[PDB]
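The structure under discussion appears below in the form of structure tokens.
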Amino acid sequence: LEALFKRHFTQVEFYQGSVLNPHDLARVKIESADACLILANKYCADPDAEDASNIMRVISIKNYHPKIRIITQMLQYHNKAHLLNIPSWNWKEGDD
Amino acid sequence: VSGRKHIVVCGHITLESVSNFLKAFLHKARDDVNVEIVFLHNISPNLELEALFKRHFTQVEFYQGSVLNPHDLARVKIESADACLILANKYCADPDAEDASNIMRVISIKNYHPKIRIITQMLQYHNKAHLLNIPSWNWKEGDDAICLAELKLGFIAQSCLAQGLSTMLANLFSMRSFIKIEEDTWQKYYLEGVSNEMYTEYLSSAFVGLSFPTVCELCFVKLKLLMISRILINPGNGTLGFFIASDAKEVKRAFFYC
Amino acid sequence: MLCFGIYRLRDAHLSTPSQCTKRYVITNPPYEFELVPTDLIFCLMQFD
Amino acid sequence: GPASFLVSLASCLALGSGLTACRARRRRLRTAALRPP
Amino acid sequence: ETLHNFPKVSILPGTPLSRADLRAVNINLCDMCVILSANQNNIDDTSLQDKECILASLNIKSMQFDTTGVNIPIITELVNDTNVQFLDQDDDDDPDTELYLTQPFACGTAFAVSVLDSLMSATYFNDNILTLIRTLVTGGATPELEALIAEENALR
Amino acid sequence: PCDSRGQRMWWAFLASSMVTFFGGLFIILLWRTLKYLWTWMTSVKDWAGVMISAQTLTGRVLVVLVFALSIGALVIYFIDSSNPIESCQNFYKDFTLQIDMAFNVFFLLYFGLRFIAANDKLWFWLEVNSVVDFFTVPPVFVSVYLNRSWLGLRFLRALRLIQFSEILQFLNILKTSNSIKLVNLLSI
Ligand SMILES: [Ca+2]
Ligand SMILES: [Ca+2]
Ligand SMILES: [Mg+2]
Ligand SMILES: [Mg+2]
């Protein structure tokens, strides 16, 4: 992965931190970010647990900055409905 | 040591648990204490725990032993111990195992010296009843069992009655200090409020002579104290009275009132 | 009625109007504590 | 060697005893001065 | 088995997070909604801890009634003291700020067992404090009642 | 006028150190045997214990002084090791010996305070810090008395570097496990 990052030297940056930690979000300057893309583990043993973790990440990001576009991958429909149940999640401004 | 009391602390002994216990016990706002805290655990402390014990050099001692072993109880001088505080693992996988282990610890301690006072923690009510069924365990001499689930559900139910009472009580029985906030925010008023602890004091003869509302308002207006075999909560119509005040120094004047 | 404290609006002290509903608790206010009409007061009833 | 060590031990013990006696006296006076207004 | 002797108790079988179930019981017209988790101790790992309580709190806060759901009185139990920052979207979250200065705790909308541990210290210095706390939250839990509930394991 | 060294005597310093150690050990053992089947002290002990740890501002001052003066004593040992093993040096001329005098006086007072604060006197006697205090200060006093210097067991001053980790822990400087382990390993 370090070699892959070095290949895209001027386009890709990497940082170590947690989405649940507001200090880490402040480090990556997520308040000025155009969007926040949340990848998902498609081949996960428990899809419900992965969906819950993704929902938790979305909750944390919206808690820090509630005016950022978030594009996420979801594995189940009911978890998607729960995601749309979030107070700060709105599809009109680009949240998908 | 003659004149120096000591208490034996056992059970769930970790870095965070011991740090919290020492923060709550040897508090600056707390009056000058004269007791020694003797920890007894079967696992040797880490480097961080060793440093924490080194910071409290003259107030905290550690001895490696098992509560179930009577020899270890004899080593920590549990016969002369003022009390034994048994800590519990509230964040356990299953409360049944932790509660059963606490039952066994209490059984062993009461087996060694049945006249000692024990303060313990519980996660279930039926385990508290099982503790209450122990022969040597009697609640009149000082034995207590703080039930976490029972107390938390009582706090939640009271908050359902008046919203915000749970945090009131939680800040009320927790030892804190005085903080002044220059900025005119809600935090300033909240920190002004949180600085009140709860104390008990014997009322004077004149206070006993009069009625409860009269002495309560007299304490509030003159002494500036809010005064809250059975415990009577704000009755209608010598004795121990429960006060809410910034520190015990203000409570002490209730006994000295003329 | 024995009153412990008050349950004051979070934005009560602010001059700028707001629609916030959350309130914070104040325990044992002093005798000369300034009081706001939009308040709830914890207290006790002596009646079965 | 032993003479100097005993001298240091006695000096430290005497200093500690004097300081703790002074502290006890100060505590007694400051507790007695609290009762009267 | 321990609740059949109490009047005015009803049970709604279903997910506590579904909006239809909460609308049926008229969650807007209620004195308090208490979100409790039973198997919250099993889940070990903060990245996988207290999902349901926070998600349900946000779901109830996001409801719309023909008024909005942010005025519903809610109290939530938590086991991780750092998860209190996700309960409210208006406060300034900080992992360094301790629990009792956090806005949900100051407003009485959150609770955790980590604040009761200090009781032990108080219980050592004044057991009257513990008995006053017990007799204030449970509504006069007398020790004879404790013995009775220890014998029959029920209420007579 | 800057003469040389001649007769060689070294049993004075070593004998003084051995007396200071073994006599105290024998007195402690004799007291224990006498107490065995008869064959305010707590206050001053607690005060000394509070003094030893950085509990009070004066405690932190004493701890920092112990650190600095142990380092200085090691440096003075280096400087003296640059000199011949056995030499004659008058007290009033060389400025090194007065500094060593002050350092050893401070270390002797610190040892006395630690003994006052100690729980078990016998086990305190058999301590590395106490031992290096036994074999360093009496030799310095004998040397300043006899106006002659021998490079005796002065390397034991380096053994004062072991207590650095505990010294830093008292001052609330080391808190984490990794830093504590690193300091312990480096000092040892
Ligand atoms: Ca308090
Ligand atoms: Ca927040
Ligand atoms: Mg770049
Ligand atoms: Mg001790």
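In the structure tokens, chains take letters A, B, ... by order of appearance, with residues numbered from 1 within each chain and ligands from 1 in the order shown.
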
| task | Do me a favour and pick out the residues of chain E within 6 Å of chain B, using only C-alpha atoms, as a PyMOL selection string. | result | chain E and resi 32+41-42+108+118+121+137-138+150

| field | Surroundings of ligand 4 up to 7 Å, based on only C-alpha atoms and all ligand atoms, as a list in words | value |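 Within the 7 Å cut-off, the matching residues are residues 36, 57, 58, 59, 60 and 61 of chain B.
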
Next, dump the selected residues to file, keeping only N, CA, C and O atoms, as a CSV table (one decimal), in the first residue's frame.
```csv
chain,number,residue,atom,x,y,z
B,36,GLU,N,-5.1,4.5,55.7
B,36,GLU,CA,-4.3,3.9,54.7
B,36,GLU,C,-5.1,2.9,53.9
B,36,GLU,O,-5.9,2.2,54.3
B,57,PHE,N,2.9,7.6,47.9
B,57,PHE,CA,3.9,6.8,48.6
B,57,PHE,C,3.4,6.5,50.0
B,57,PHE,O,3.5,5.3,50.4
B,58,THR,N,3.0,7.5,50.7
B,58,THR,CA,2.7,7.4,52.1
B,58,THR,C,1.2,7.1,52.4
B,58,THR,O,0.8,7.0,53.6
B,59,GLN,N,0.4,7.0,51.4
B,59,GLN,CA,-1.1,6.8,51.6
B,59,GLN,C,-1.6,5.5,51.0
B,59,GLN,O,-2.7,5.0,51.4
B,60,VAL,N,-0.9,4.8,50.1
B,60,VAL,CA,-1.4,3.6,49.5
B,60,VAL,C,-0.3,2.5,49.5
B,60,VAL,O,0.9,2.8,49.3
B,61,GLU,N,-0.7,1.3,49.9
B,61,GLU,CA,0.2,0.2,49.9
B,61,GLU,C,-0.4,-1.0,49.1
B,61,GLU,O,-1.6,-1.0,48.9
```

For chain B, list the residues within 12 Å of chain F, counting only C-alpha atoms, and write the list as an mmCIF file with N, CA and C atoms, in the first residue's frame.
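Once everything was written out, this is result-v1.cif:
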```cif
data_model
loop_
_atom_site.group_PDB
_atom_site.id
_atom_site.type_symbol
_atom_site.label_atom_id
_atom_site.label_comp_id
_atom_site.auth_asym_id
_atom_site.auth_seq_id
_atom_site.Cartn_x
_atom_site.Cartn_y
_atom_site.Cartn_z
ATOM 1 N N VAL B 1 -0.507 0.270 62.705
ATOM 2 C CA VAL B 1 -0.022 1.456 63.399
ATOM 3 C C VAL B 1 -1.110 1.929 64.351
ATOM 4 N N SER B 2 -0.720 2.247 65.583
ATOM 5 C CA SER B 2 -1.676 2.749 66.561
ATOM 6 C C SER B 2 -2.150 4.140 66.164
ATOM 7 N N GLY B 3 -3.467 4.337 66.168
ATOM 8 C CA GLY B 3 -4.058 5.604 65.802
ATOM 9 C C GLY B 3 -4.257 5.820 64.319
ATOM 10 N N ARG B 4 -3.678 4.970 63.476
ATOM 11 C CA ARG B 4 -3.797 5.087 62.027
ATOM 12 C C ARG B 4 -4.665 3.941 61.521
ATOM 13 N N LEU B 15 -5.676 -0.396 36.457
ATOM 14 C CA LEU B 15 -5.144 0.962 36.479
ATOM 15 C C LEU B 15 -6.266 1.990 36.558
ATOM 16 N N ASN B 34 -7.075 10.304 57.428
ATOM 17 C CA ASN B 34 -6.003 9.670 58.183
ATOM 18 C C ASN B 34 -6.107 8.150 58.127
ATOM 19 N N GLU B 36 -5.130 4.496 55.747
ATOM 20 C CA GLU B 36 -4.264 3.903 54.741
ATOM 21 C C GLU B 36 -5.062 2.945 53.869
ATOM 22 N N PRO B 45 1.104 -5.576 39.706
ATOM 23 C CA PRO B 45 0.732 -4.366 38.968
ATOM 24 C C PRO B 45 1.663 -4.104 37.795
ATOM 25 N N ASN B 46 1.129 -3.379 36.815
ATOM 26 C CA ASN B 46 1.901 -2.963 35.657
ATOM 27 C C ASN B 46 2.850 -1.829 36.038
ATOM 28 N N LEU B 47 3.612 -1.350 35.053
ATOM 29 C CA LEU B 47 4.488 -0.208 35.293
ATOM 30 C C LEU B 47 3.683 1.050 35.593
ATOM 31 N N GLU B 48 2.572 1.253 34.879
ATOM 32 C CA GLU B 48 1.731 2.419 35.132
ATOM 33 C C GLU B 48 1.110 2.364 36.521
ATOM 34 N N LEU B 49 0.618 1.191 36.927
ATOM 35 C CA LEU B 49 0.056 1.053 38.266
ATOM 36 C C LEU B 49 1.132 1.212 39.334
ATOM 37 N N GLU B 50 2.342 0.716 39.065
ATOM 38 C CA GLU B 50 3.440 0.909 40.004
ATOM 39 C C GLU B 50 3.774 2.387 40.160
ATOM 40 N N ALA B 51 3.789 3.133 39.053
ATOM 41 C CA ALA B 51 4.022 4.571 39.135
ATOM 42 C C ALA B 51 2.907 5.268 39.902
ATOM 43 N N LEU B 52 1.659 4.855 39.670
ATOM 44 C CA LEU B 52 0.536 5.449 40.387
ATOM 45 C C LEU B 52 0.648 5.197 41.886
ATOM 46 N N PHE B 53 1.057 3.990 42.276
ATOM 47 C CA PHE B 53 1.270 3.706 43.691
ATOM 48 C C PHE B 53 2.446 4.504 44.243
ATOM 49 N N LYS B 54 3.484 4.706 43.429
ATOM 50 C CA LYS B 54 4.632 5.489 43.871
ATOM 51 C C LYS B 54 4.265 6.949 44.092
ATOM 52 N N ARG B 55 3.324 7.479 43.307
ATOM 53 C CA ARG B 55 2.867 8.847 43.532
ATOM 54 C C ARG B 55 2.204 8.987 44.897
ATOM 55 N N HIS B 56 1.396 8.004 45.289
ATOM 56 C CA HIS B 56 0.809 7.965 46.627
ATOM 57 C C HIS B 56 1.672 7.081 47.527
ATOM 58 N N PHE B 57 2.852 7.609 47.854
ATOM 59 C CA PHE B 57 3.852 6.814 48.560
ATOM 60 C C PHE B 57 3.417 6.502 49.987
ATOM 61 N N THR B 58 2.971 7.514 50.726
ATOM 62 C CA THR B 58 2.670 7.363 52.144
ATOM 63 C C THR B 58 1.203 7.075 52.425
ATOM 64 N N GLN B 59 0.366 6.962 51.394
ATOM 65 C CA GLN B 59 -1.063 6.765 51.584
ATOM 66 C C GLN B 59 -1.593 5.450 51.034
ATOM 67 N N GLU B 61 -0.671 1.315 49.931
ATOM 68 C CA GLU B 61 0.207 0.157 49.937
ATOM 69 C C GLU B 61 -0.415 -0.950 49.099
#
```

| query | DSSP says strand (DSSP E or B) for which residues of stretch 27-75 of chain E? Put them as a PyMOL selection string? | reply | chain E and resi 33-35+64+68+74-75

Grab the residues selected above and save them as a tab-separated table (two decimals), in the first residue's frame with N, CA and C atoms.
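Just written: again_3.tsv:
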```tsv
chain	number	residue	atom	x	y	z
E	33	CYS	N	-39.14	8.85	27.46
E	33	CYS	CA	-38.75	7.64	26.74
E	33	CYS	C	-37.36	7.24	27.22
E	34	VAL	N	-37.25	6.01	27.72
E	34	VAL	CA	-36.02	5.49	28.29
E	34	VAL	C	-35.49	4.40	27.37
E	35	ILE	N	-34.32	4.64	26.79
E	35	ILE	CA	-33.70	3.67	25.89
E	35	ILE	C	-32.71	2.85	26.70
E	64	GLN	N	-41.12	13.60	12.80
E	64	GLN	CA	-41.98	14.74	12.52
E	64	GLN	C	-43.42	14.34	12.80
E	68	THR	N	-41.99	18.76	15.90
E	68	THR	CA	-40.81	17.95	15.64
E	68	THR	C	-40.44	17.13	16.87
E	74	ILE	N	-35.97	12.46	26.48
E	74	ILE	CA	-35.28	11.20	26.26
E	74	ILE	C	-34.13	11.09	27.26
E	75	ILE	N	-34.00	9.93	27.89
E	75	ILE	CA	-32.83	9.59	28.70
E	75	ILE	C	-32.27	8.28	28.18
```

| query | Any idea which chain D residues end up within 12 Å of chain B if we count only C-alpha atoms, as a VMD selection string please? | reply | chain D and resid 31 34 to 37
